[PDB]
Structures are given as structure tokens and as C-alpha cells.
A.B. asks: 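One structure, as C-alpha cells, below. Some questions next.
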Amino acid sequence: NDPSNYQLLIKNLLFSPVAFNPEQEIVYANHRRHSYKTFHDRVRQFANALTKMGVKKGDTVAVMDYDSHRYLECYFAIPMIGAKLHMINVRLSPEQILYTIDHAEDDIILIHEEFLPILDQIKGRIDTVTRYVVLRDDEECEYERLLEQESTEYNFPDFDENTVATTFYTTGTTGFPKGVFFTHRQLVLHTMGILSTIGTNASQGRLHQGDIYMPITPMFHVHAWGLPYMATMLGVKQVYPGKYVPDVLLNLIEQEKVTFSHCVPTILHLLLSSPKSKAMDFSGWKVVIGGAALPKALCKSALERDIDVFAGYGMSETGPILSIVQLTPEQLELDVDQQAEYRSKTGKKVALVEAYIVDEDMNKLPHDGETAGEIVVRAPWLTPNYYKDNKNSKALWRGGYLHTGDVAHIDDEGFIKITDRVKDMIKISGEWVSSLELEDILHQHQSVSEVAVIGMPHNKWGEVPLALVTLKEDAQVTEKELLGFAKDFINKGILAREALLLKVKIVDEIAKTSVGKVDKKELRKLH
Amino acid sequence: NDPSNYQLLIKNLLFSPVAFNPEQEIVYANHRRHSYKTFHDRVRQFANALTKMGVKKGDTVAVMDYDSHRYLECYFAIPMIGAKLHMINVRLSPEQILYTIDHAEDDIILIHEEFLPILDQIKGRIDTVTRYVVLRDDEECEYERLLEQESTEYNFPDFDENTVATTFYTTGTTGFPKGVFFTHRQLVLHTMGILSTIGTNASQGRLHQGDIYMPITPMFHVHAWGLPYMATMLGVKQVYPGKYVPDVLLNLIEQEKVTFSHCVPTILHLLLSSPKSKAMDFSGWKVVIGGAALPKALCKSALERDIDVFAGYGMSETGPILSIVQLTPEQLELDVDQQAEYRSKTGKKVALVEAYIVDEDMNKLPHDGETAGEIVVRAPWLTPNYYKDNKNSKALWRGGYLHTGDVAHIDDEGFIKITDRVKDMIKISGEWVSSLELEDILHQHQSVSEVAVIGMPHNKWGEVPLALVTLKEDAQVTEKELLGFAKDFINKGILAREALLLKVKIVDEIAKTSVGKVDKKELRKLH
Amino acid sequence: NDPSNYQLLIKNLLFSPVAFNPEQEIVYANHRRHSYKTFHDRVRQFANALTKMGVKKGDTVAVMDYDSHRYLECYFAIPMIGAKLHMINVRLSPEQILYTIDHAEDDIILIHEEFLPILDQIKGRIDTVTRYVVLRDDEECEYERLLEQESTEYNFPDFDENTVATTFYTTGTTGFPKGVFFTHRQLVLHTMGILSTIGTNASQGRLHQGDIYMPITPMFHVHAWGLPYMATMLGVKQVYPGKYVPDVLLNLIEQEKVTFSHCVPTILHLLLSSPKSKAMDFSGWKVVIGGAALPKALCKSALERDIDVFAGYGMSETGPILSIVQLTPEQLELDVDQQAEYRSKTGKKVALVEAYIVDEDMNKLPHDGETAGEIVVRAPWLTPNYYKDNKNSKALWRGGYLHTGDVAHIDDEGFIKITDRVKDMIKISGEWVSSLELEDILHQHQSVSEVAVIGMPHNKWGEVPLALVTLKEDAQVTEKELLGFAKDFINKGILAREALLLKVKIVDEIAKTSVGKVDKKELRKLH
Ligand SMILES: CCCCCCCCCC(=O)NS(=O)(=O)OC[C@H]1O[C@@H](n2cnc3c(N)ncnc32)[C@H](O)[C@@H]1O
Ligand SMILES: CCCCCCCCCC(=O)NS(=O)(=O)OC[C@H]1O[C@@H](n2cnc3c(N)ncnc32)[C@H](O)[C@@H]1O
Ligand SMILES: CCCCCCCCCC(=O)NS(=O)(=O)OC[C@H]1O[C@@H](n2cnc3c(N)ncnc32)[C@H](O)[C@@H]1O
Ligand SMILES: [Mg+2]
Ligand SMILES: [Mg+2]
Ligand SMILES: [Mg+2]
């Protein structure tokens, strides 16, 4: 450790922030409420407790928790002692969750009591975990008891900024969940990079030191988009809602005067459709919408409620944020219909992001508002590869750029607009489902000859899976029978819960290509 | 060059900014005006011209220029081809300037025609420079002609982010000017670090994308505090005033609607005292004051003009910015007298800066509002050492922290307040003078027995040098004779021009210590 | 490549064998029959075909095939060009097979047509495979057509002997299948090491140059125990039976005059129980029994048929062979009952194997015939770790020895006798099932409170799983309902086919320990 050789460490985000008010509050719904000074104490207590549990630098601590203060402490204390924080996506099927736990080789799992039923399905096949800390919202929490037995004093190590700080698994690709990891330097740069982008907005879409922060993106989803790191960096009041309940979320916005939040379009649809939201005041509330395309109708409805609603774009692989919608003063003077179109765009690339539209030959395409191609990016917060993966990692970084798998056109003013997907994947309410995997399960039916699963757009869910099934030579099976057939795979924890919204459309034939492959591009036009 | 191994390069500040409007203007006073798209073209043309002149990676290009568009292009094009940009402090004496040119081994000097008289004094003793490009504000500029002969196309190299990008020399220490250098990574982090700090301010002291930028800090002074990099990153309109004339500066603020600027307290004193400023409107003008302590009276006078005036602190060695004044909403509601006290503080440390108060034994002192000690800092943009210097570099980084040489107390809320200096140096209107060097010159007088030079505070200049001279056994020399004696050293280019404000006070004795050393701490109390 | 620096390469097993008769035959059941000279030609043709398909050194070629001549060519040609041969255990569930294909990142899969139904279950989730070569026992084989288009000339590379030659996955541990790998040097040493052991036997249990070899161990099971490499090294006639049919196997033994074979005890039980075997002559037939404990009754029945039947011991992790039964001339003169006891022992350690009995503290135990402990081994053909695995690899090599997970006592004469298992795993007919995984599936039943699965010994299957289920507070579910419940998991390809032999025994309570854990050691005594 050379003192002049500064390392970009997550501990510098905490102890060298943009602003620190020791009396500013971290609020956990209606369960807990303490100050930033207490939060710094609990990070050091957690670091002491982790050291006592034998967590060393390079160890993996897994977290299965809701959006809480404990998760925020996990964001700092675990990477800050040099350990790897593994955010377990609790919305995956138990079999997928078991894979990521064994693949990541977690030493300790901090699991909420409500996720214990998931554990009992896969506990026997977990071999790396030596300790389970059960998390509770009451005084009987094992995490809270571990912290109480520790001092609020800890000297956090200096290590290389390229130490891996966080890992998590995305199901956005084919096959098994892929592990993406991020270093301390990448997370620090992502915090400063996006703060420099959305902090410096003139009027609209600002994250500033006077904001009150409440995530409605799960903290296992690409670091809650990285906003808890930015919210801590700004020293703002942070409200953690726990398990997402629309009435609980709406009460927290009014009671804690939340001004900045973020979520997938499904959450905003649920928040705006709730009967209690009708009498609510949203004048000071800003929400950035990511994970899925923001519908113009949903953006318009939020605008009528005086919500500063704008869109953002990112990936698990890309330290999430790649582009955010920024409106010029001229664009802010437009009518609600014209404003809703700009606010629902994919967005302009954020600072230090090189986003290009290319074709299959990696040739860069002109940035007119019509020519479409895959988005390839270079940024200081991209995963260099998938964890313990070679061939898929090479495809991710083919041609020297990270491939997003998203087809988009970029206009003259830099506004990206995603048109469709390269990958044969469907995102439902923020969770991934693989069409090929869904086809395989539905093909296991005895009276099924061919299955083609496509993503049908949905106003509430974003996309829903549509299975176009060709019957056998003399087979007659109703559509709802296949839905019940696939439900049994969900009940066993093999298929994702989001396939419960699958629609089966029996068709006489499935359109193909001259080579014999299924033509899904032409298939979506017909249905 | 590994594509996934992102390098923090100054070319990423330009081509991956927070915002880019190709039709946004770069304005050079009343001489030139072009768009950001032209500015990017002229950077590539300059890169082509530098390549033709044989500038390679690792070469030093020196610039002797006013605050212009050419200097802004020098900020990018020279580091972006991997060359070292040397900002020559044209306010130093010609002998000091000659030292820094030979010490830095400049290959090419871009010198304005008005600085040619400085060159003719030291041209014979310059051995490393092979080409002089003369800069002119008219069409006869050699820099403009070099650019016209080049294409607007250039592929900027990828190199290590630890490549040195900028060098310049500070006279704030004893002895010869010391060379501080900064890498691409340090400059990029300084841009994002301070943008995350002042961009995210809620209301007061904001640098945002809607601002109009005009520096009144010279661009050879620690990168104009780094603001031109931040202004380019935000893609804002930039107004470069050229040579500082109070009427010209005031006209540019009104005509170009400047909203963000920065300067030393002397400049603000001159701007506010100008008769034309009385009828001017300063409602939208924000200026951050650094380099010297901001007097409460000057801050109050600016506040009566509705100027968002706040203070900042930094050094040549520290990538300048270490702390900036940020006001909470409660502090913004105070009266003008109470507000002027907070706005004139040294400030709260910026993001990623670890500022401590220590004693001579490097023991960290409590942060009460009374206990004073030297500020020692750790930050991602500090010079690791002085150029081609070992012993002074070790003292700069003694105890693992960079020593500022400034004595301060930090209060409970984190507000730093500088009390006095460790180093025996005096800063006059933003330029350094060494008391020991001034004593040596005045000691060369035949009728001088002892000389002690101390810095007397000044309302306009900040500090002025005061020489307390003890006469010889039977000598009688008037005070004004010594002032003329020292003026001859200035006319020869050996002593700094700022010593013209020296005051000689003949005293019967000079207070000393038990060890025999001069007691300057007790000496300032008496006079 | 230093010519004097000899590398132990699999190509030296082929082109520098103990004996080479160019007119000696490789027989594939009743489908194909060619000479050793043709076999060497087809290895070079396969090497040419693999080079044309773009297989480079370090690539993985996966094989899903029966015991054939093609598999024998795969044993040589794939490692001999420096590629990794992945032997896919086709008896695993499709989900397990999919895991090993994705974990190993196979580039090309050589799959028999009869295993294509397994592929269609998991084809959509396979991402690394670019080519499937379908294998057929007729002239329409894609492998045969690929070979016909190539020359019989190939210069095989010299590389480091530590190049990994073979990979395969064992399910003998908890969690996911673990990848064990072996280098060229390890495989060469395993061939010479065991040839020096069983070749030098005086009379009984000899593998010599006059033998006729027929494997009845699948070639995906630890290299068919390594015998095809040894059989090729000796240049003996090799008979490959394809898919195991008891009448087909018995016909090949009589028709091809097979003298040396090997199998699990279940196969020998099936061969001896077949009605056609009654009239067969087994005077010259030797078979070594591994994978499971050889019952004394089965050994005695084989001895009455004049079969030279002896036992051997090994693992997937241990290059299989660790110990083989060798009988002294005095032991060969004993009666059939006393001989059957010695022939059914675990065996004496083979050359270059250091086998020790230790306790949980890695303390070596005395080699009396009663004291039992875990077998830990050091040998020149052990896997150094599991593929892409750290924590499980450390447990495998805890204390500097490879842990077998087998409890045994070693007598004074060196005869090992395995008593029970450390790992909570059950082996059924040569395939592994995890008790904890079986408990988890049976625990998913709504009317199940506690499940404890233990391995009950079986005369035919070796071990069968026994589930002792404690009913809920007021639940009444029949035992056969749970068997049908678990069968559905098998039909979906999640649970192993070998769980079809599970027995459910409803019990009022499950014996536990003072710590609360299930006491399976005491549980097996009760049931
Ligand atoms: C200031 C925050 C602003 C940033 C928010 C977005 C971050 C979301 C992090 C996140 O979806 N990871 S993922 O691996 O679960 O999904 C990644 C995929 O989702 C899609 N997609 C994400 N955003 C989208 C958007 N605005 N419009 C349309 N499509 C969007 C897209 O196909 C991505 O490739
Ligand atoms: C957003 C910009 C806000 C940052 C402006 C300050 C940067 C000035 C960069 C710069 O003075 N370098 S130097 O080497 O020529 O001088 C360095 C010395 O000057 C003194 N000193 C600088 N600031 C001061 C301040 N606010 N109050 C009091 N004393 C101040 C101090 O003794 C430093 O050690
Ligand atoms: C000349 C050949 C002579 C060598 C034949 C044995 C090689 C078998 C290669 C093979 O079982 N791998 S495994 O990973 O599928 O199983 C490994 C486990 O099986 C058990 N076990 C293997 N043999 C056994 C035996 N003779 N008596 C009793 N128990 C035996 C034992 O618990 C092992 O740990
Ligand atoms: Mg993703
Ligand atoms: Mg300085
Ligand atoms: Mg094994």
C-alpha cells in the first residue's frame, strides 16, 4: 500500500462522501430508524462480526434479504473488509438459486426468515455454506444480535481497487445463470460517473443532496441500480421499504417525503393504479424507470400526477447504468404528450460510456433515427467476463466491446431507442425467462410436435410469453392443459414463477426459414 | 490495450462527456466564436499538427498563453496524444520561467506574442525547445495556421491511465520552483469528483449543464482549478476572456450571460470596485473564490450584488480542489452577515478527500473549532512527488499524507478554517514570494544588518510583504531606498514582480528565540 | 519441446506400446471388425477430421456413446491433438448431463443416435456446443463419414505431459456434479502402474499380451477403469460390446473367446443369472469387479463357474484404480469358500499408491484388521482438484492426501476392507444418488414432516435407497404414493433414474443426536 497510490475503494464512498450529516436518518419502513452516525457504527460492528465469523478477504458472503438497512450495511461492510458480496436474486426459481450459491461458493448466507422456505428446497444440495444468519424485522434478528456483540471501531483495510467487491447472477442469457462481478474501482466510478450525470442536470431528473431516497428496485438487482451507493455518497435520507407492498410504498412516499426513487415499469403501473395513490400528492417525487421500456401511456399517466418520471437503461453486466433520459430546457417546455415521448426513450449515454450501434460484423452504423443494430458499450464499470466462464465471456466481449444483446437506433441528438432483442429471451416484470428453455419444457408434453415461444408485449408486465404449439399428427390437447403442465415445473422450483403468465396459442404450422430454423422475427408479425 | 480494462483518459472526458451539444459555443472574448463540434475538430487538427511537428508520447509541449480557446484545445489535444502539457506560469520572473522550461525540458513552446519580451530575456539559456509557435488573437496566428493545414480526423491512442498528462511548477515552496504533475486518471477523477460534489448541491453553488462558464483563474494555475475540464464535461457554453481587463470581464458576463466563474479574491475585489459593475446585474452569476482566504467584507459586498459567492480551497500539488463551501438549506436562510461568514470559510472537503489536522508528530488532532494543525490530505488527484526531486518529495508525503503547509481548525460540521501557514511563504494576488529569498536580496544592501520579511494581510492583495530591517552599527538608510534597491532585482527578472508592494519598516531590534532563530510568530504580533 | 526431455503422452501409449500386432483385431460387437493397423489409421483420420472441425489444443470434445470402437478412437485421437476428452455419463439425469456439458464448455459433442432423446430435453440450454456429430452403428454414421473424408496421415503434436487429456463428472459428492480431470502423464502412469501390478501376477488375475479384452464397464466411467488404455498398450484383441445386453455379452465372450473383462457386481449378477450362461464355458474368463463391494455369494457363484473373479477398488477422482485383489500361491490353494472371501476383499494397494487409514484429525491409524477410518491416498494419477471449484477441492485434498470418503480397515497383510462411507451418498448399480437430495424431494410432499434416506444393501443392485418418513401431525399418506411422487421428478429428468428402486418406510419417529442432527449411523441399525 503506497499512500500516494490512491485506490478507489468502497470505504472511500462511505468515509469520504460528497456530504455527511451524522444526524441524517436511514429509515427501514416502519421497523427501524437510525442516523448516519449509527449506520457507520453498524458497518464497523458488522465488519467486526464478519471478522469473528472468519470472513477473510476473498470470501463470499451471500445475502437473501428485502430492501432494508441491513442490505445497505451489507453493501459497504462486506466489500470493505475485502470480501465478496453475493446478491442472491430471490425471485429466481430455487434450482437457479441453488446453482448460483454453489457456483459462487458462498461461505455465509444472510437470509431473511421469509426466504427460508426457498432454502429448505435446496438446503441439502448446498455444500459451501458453513453458517446461515437469519434476518428478522423484529428484535429477534440474528444479524442484529451479531452486531450487538461487537465494537463500533474497525480499521478497514487498504487493498487493490481491482479487488472484486460484488457478485450476482443474471438469467438474461441462455443456459445457466451467469455470474457478473464488479470491483471496488468499478463501483466507485459508477457512483461518481452517474452522480456527475444526473447531479448536474439543470432542473429535471436531478439526484442531489436535498433529495430523500427510496429504492423500489430490489437491492439484489445490479446493486439496486447503484443508487444506494450514490444516496450514501450524497448523505441523503434513505428510506428502505422492505417487502414491496403498494400501500406501504405509497405511505412511505407521503410520510417520509420521498423525492427520488427508481423501479421497473410494472412497479410504477402498480403504484399509479392503487386506489390510495389517487389522493396522494406526487409533486416532489422523481422516479427513474429502468429494466424495461417505459410505455408512453404509463409515462403520460405519471406526468398527469406531476411526477418527474424519466427512463434509464442498463444491464446486470454493465454496472448497471449506461444511459439516462436528460431533457433540455426546450424539451421541458413541451406539452405532456410530447414530453412523455422524450421521457420514455432509452436515453442518452451517461458520462464515460461509449455506446455504439453495430451489425453482426461489428461494423459501426450511422446514428440516424432509423438504422438499428446491437448496442455495444465501453465503460469503466463493465464486467470483464462471466464468472468461471470462457466461451460465453468471449461472446460478451466480441470485437472489443461488451455486447448488450439489445437492438436500437440512436438519433442525431444522441437519444437511444431500443427496438428489439438479439437474445431469445423474454423479460417479465423485471425477471428473465428463456424462450428455448420454455420450449423444451412444453415440448416434453406427449401431444406436442413443435413449440415456439415469443415475447408478447404487455401493458402491465412488459412482456408475457406466448407459446405457439403445433399439435401432433392426430393429437387434441386443450391450451389450458399445457398451462397446468408447465405449472407443475414451477411448483417443483425448476421453472421460473413468471411463466405462470404464459399464453398457449395452438397453431396449425410454425413459420420457418429456408435453412430450416424457426423464424421468430416473422413469427411475431403473424401473432 | 485490453478493451475491458478501461483506462481513465482525458479523451474520455471529451468524447464521453456528461453532455455534448455540437452547436454549443466556445467563445473567446470578442476575437473568436465557434461550436463544440468545431472545438472537437480543432482538437483533432491540433493532434494532427502535433504529430507532424514530431510530438510523440512522453514529449512536453509548453504553453505561454492567456485564457483562450487555444488553451482549452491544449488541455485536450496535447495530453490526448500522450504528450505532457506544461502550463508555464507567465506571472513568474523570467529567471523562474527559464528554470521551469529547462527543468521540464519542453520540446515545443506555444507562446503568445505578448509574452515574447519574456522570451527574449531567457531565450539564449533555453536548450531543449526546438520550435516556438507564436500565438496571436488575429488571423496571423501561427497556431491557427498550423491547424488549418490538418485534417479534422484523428484516432487518439489508448494508453495507461497513469500516463502523465499535465505538468506545471509551483513557487509555493522554498528554493527553486517545484514541478507537480498529474496523470490522465487523476485529471479524470478530479473532474468527476468535483462534479459529483458541486453538481449535486441542492440549490446554492451549483455547476450544472445549464451554466455558462467563464474562468477568471489563469489556465496555467493548476488547470484553471480544473473547471475547463468540468465545463467541457458538462458541454456548457464556455467564455474565455483572454487577458484579464475588468471592463472586458464585466462586459463578457453581461453579454454572454455568464453564470459560473472562479477567481482569486483580488480579482473579485477588482470586478466589484470597477465603476461599470455598479449598473451591472449579477443575479445569475456564481463565482467560487479560491487561492486565498475570502474576506468577510468582500463576500458581503458580493452578496449585496446578489452574487452566489462561495469559497474553495486547494493547491498546485493537490489536483487543485480539496474543499468547497456548501451551504445547507438552513444556512441559506440566514442574514447576509451570517451568510457571508459561512461562504468565506475554507470549506468542507470534497468527495474522496481525506483531510486531517495533525501536529508536527503527525498525530491527528480533534475536530473542534479551535484546535489548529497542519492539513494533511489523501485524495485521488495528488501529485505523488515533485518532478526530479527526492528530498522535498519525501517531506511533501511525510507520514503517508500530503502536507499542505496550511494551519487550520476543522469544526464539528466539517467546516475547515485556515488560520496561518507552516511554510515561510507569502502569497500576493495569487502569486508566491519567499520570505527567505526576499530577506537574502534585502540583506545584500551594505547598510543592512538583519532582515525579517513577514506577510501583512491586505484587503486588496490578500497579503503584502513587510520587511523589518535592523540597521547596522552606524548606518542610516531610508526605507524607500531599499524599495528601489529591490526594484532593480525585479527589472533584471530575478525577483518576482509582486515584491513591488513590499513595505520596509526600520526597527531597532528583531525578536528572536532562545535557540537564536527569528521568531516570526511573535514578530507578526508586534507588527 | 526438448527432445531429451521426454513427455509422458497418450500418443506414446499408442505408437510406443508394449506390443503391436498390426493384424490384431478391434471388434465392435457384431457391427464392425478391423485391425490394429486400421485402428491407427482411424485415429489419424479422426485427428484430421477434428483439425478440420476447428478443434485446437485446449478444446473440449464431448462423447455420448456406448462401448464401441469409436469411443476407443476418442480415447486416443482427442487427447493426442491436445484436446480435452469429456466423457458424458449418459446414465445421469438430463439436468445433470446439461450441467456437465455447460460446466465443461464442450465445443463438439459426439452423441449416439439413441441418446438424442436426452439431447432434446436439454438442447435449448446448451450454449457452448457448435457441432453435434451423430453416431450410428450402421454405414450412415456421421462420425464414419467424417473419417472417410480424411487422410490416414497425421503428425501428432508434442506438448507438456501435464496437458489435461480427459475430463468427466462424478455425482459421488453432494451438490452439483464435480469435474475431475487427468493429464497425459497421469493416464500414462496409470497404464504402466496397473500393468506392472496385474501383469506381474504369477498366475491368477493376470492381464497379459495373450488376453482378449472386453469391457463391461462403460467407457464414460473413469476411462472404463483405464483398461482400454492398458489393452491397447498390450496390443491385445479388444471386443467392444456396444449397449450392454446379457445375451449379447455372453455371445461375445463365447464367440470372441474373451478372457479379460471388468464390471460392477450388478453386471456379473446379471451375466450369471442369464439362462444362456448356464451352458456357457467360463474356464478362461477373468473378470475384475469394482465400483461396489463384491458379495461373497456372487464371488462364490462365479468361482463355481471356473471364473477368475477378483475385486478392485477405485474412484472417479483417483485415476480409478487404487487397489486390486492379488492372491498368493498359498491363497490360491484354498477351498472355494475361503477363496471367495479373499477375492471379494477391497484389495491390496497397487504400485505407487500410498493408502492410509486416518481419523477426522488426519491421524494415521494402525493397520490391524479391526480399526476403521477414512482411506486417504497419494498416487501419480489423482485429480489435483475439482474443475472450477475451490472449497470442495480443498476438502478433497485436506491434510495433503486425497480423501476417498470410504471407511475401511487394512489388515497386517495389506488387504483393505471397506466397511462404510463417510459421505452421505448411495450407489445403485454403479450410479450415485444423494440422500440429502432425495430427502429434499420427498420433503416437498405436503404430508411429510421428516425424511431420512439411508442406503440399504441389495444382493442385485448393491445398495437401494430407503426413505424413513415421519408423517405430519394428522397426515395419512400411503408409501406407494410417495414412490409415484418421486417418479414424476424422474420423468422430468431432475432426479436420477436409479431412485425408481426407492423404498418408503413410514416410521413414527426418526432417531437423532444430542446436537439435534439425524443419527444415520444409529438409524441403519434400527432399519
Ligand atoms: C439512474 C438509473 C437508470 C438506469 C436504470 C436501468 C438499469 C436496469 C438494469 C437491468 O435491467 N439489468 S438486467 O440484466 O435485469 O436487464 C437488462 C436488459 O433489460 C432491458 N432493458 C433495461 N433497461 C431498459 C430500458 N430503459 N428500455 C428498454 N429495455 C431495457 C434491456 O433488454 C437490457 O438488456
Ligand atoms: C471549485 C473550485 C474551488 C477551489 C479553488 C481553490 C484552488 C486554488 C489552488 C491554489 O491556490 N494553488 S497554489 O499552489 O497557487 O496555492 C496554494 C495555497 O494557497 C492557500 N489557499 C488556497 N486556497 C485558499 C483558501 N480558500 N483560503 C485560504 N487559503 C487558501 C493556501 O495556503 C494553499 O496552500
Ligand atoms: C483393475 C480394475 C480394478 C479397479 C476397479 C474399481 C474402479 C471403480 C471406479 C469407481 O467406482 N468410481 S466412482 O466415483 O463411480 O465410485 C467410487 C466409490 O465407489 C465405491 N467402491 C468402488 N470400488 C469399490 C469396491 N471394490 N468395494 C467397495 N466399494 C467400492 C467406493 O465407495 C468408492 O469411493
Ligand atoms: Mg443482463
Ligand atoms: Mg502549492
Ligand atoms: Mg468418485
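The analysis underlying the following values was restricted to heavy atoms, covering all of them including side chains, and did not include hydrogens, waters or symmetry mates. Numbering of ligands and ligand atoms starts at 1, following listing order. Proteins come first, then strands; the chains are lettered A, B, ... in the order of their sequence lines, and each starts at number 1.
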A.B. asks: Any chance you could lay out the salt bridge (charged side-chain N to carboxylate O under 4.0 Å, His left out) test for A/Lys423 and A/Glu374, step after step, and finish with the verdict?
C.D. replies: CA-CA 10 Å; A/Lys423 23 164 161 53; A/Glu374 192 191 29; over 6 Å; no
A.B. asks: Do A/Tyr356 and A/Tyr401 have their ring centres less than 6.0 Å from each other?
C.D. replies: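 So the answer is yes for these two rings.
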A.B. asks: Against A/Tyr313, only a single residue in A/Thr318, A/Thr346, A/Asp406 fulfils side chain to side chain donor-acceptor pair (under 3.5 Å); can you say which?
C.D. replies: A/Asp406
A.B. asks: What are the atom names and distances for all N or O pairs under 3.5 Å between ligand 3 and the protein?
C.D. replies:
from, atom 1, to, atom 2, distance (Å)
ligand 3, 11 (O), C/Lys427, NZ, 3.0
ligand 3, 12 (N), C/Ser316, N, 3.2
ligand 3, 14 (O), C/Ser316, N, 3.1
ligand 3, 14 (O), C/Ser316, OG, 3.1
ligand 3, 16 (O), C/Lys427, NZ, 2.9
ligand 3, 19 (O), C/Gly291, O, 3.3
ligand 3, 19 (O), C/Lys427, NZ, 2.9
ligand 3, 21 (N), C/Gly291, O, 3.2
ligand 3, 23 (N), C/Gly291, N, 3.2
ligand 3, 26 (N), C/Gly312, O, 2.4
ligand 3, 27 (N), C/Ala293, N, 3.4
ligand 3, 32 (O), C/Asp406, OD1, 2.4
ligand 3, 32 (O), C/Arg421, NE, 3.3
ligand 3, 32 (O), C/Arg421, NH2, 3.4
ligand 3, 34 (O), C/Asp406, OD1, 3.2
ligand 3, 34 (O), C/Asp406, OD2, 2.5

A.B. asks: Check the pair A/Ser261, A/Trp285 against side chain to side chain donor-acceptor pair (under 3.5 Å), reporting the backbone distance first and the verdict last.
C.D. replies: CA-CA 8 Å; A/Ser261 75; A/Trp285 190 49; 3.0 Å; yes
A.B. asks: For the Mg ion (ligand 4), which protein N/O/S atoms are closer than 2.8 Å?
C.D. replies: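 Less than 2.8 Å away from the Mg ion (ligand 4) sit A/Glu317 OE1.
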A.B. asks: For the pair A/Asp211 and A/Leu234, evaluate side chain to side chain contact (heavy atoms under 4.5 Å, CB included) and give the outcome as yes or no after the intermediate values.
C.D. replies: CA-CA 9 Å; A/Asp211 276 320; A/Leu234 297 187; over 6 Å; no
A.B. asks: Apply the test salt bridge (charged side-chain N to carboxylate O under 4.0 Å, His left out) to residues A/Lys178 and A/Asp389: give CA-CA distance (whole Å), side-chain angles for both, the deciding distance (0.1 Å), then the verdict.
C.D. replies: CA-CA 8 Å; A/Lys178 300 277 136 269; A/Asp389 203 353; 3.8 Å; yes
A.B. asks: Name all residues meeting the side chain to side chain donor-acceptor pair (under 3.5 Å) criterion together with A/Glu431; count only those two or more places apart in sequence or in a different chain, and write none if there are none.
C.D. replies: A/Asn89, A/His221
A.B. asks: Quick one: list whatever passes ring-ring contact (aromatic ring centres under 6.0 Å, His included) with C/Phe310, sequence neighbours left out.
C.D. replies: none
A.B. asks: Could you label the plane-to-plane angle of the A/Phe168 and A/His223 rings as parallel, tilted or perpendicular, counting under 30° as parallel and over 60° as perpendicular?
C.D. replies: perpendicular
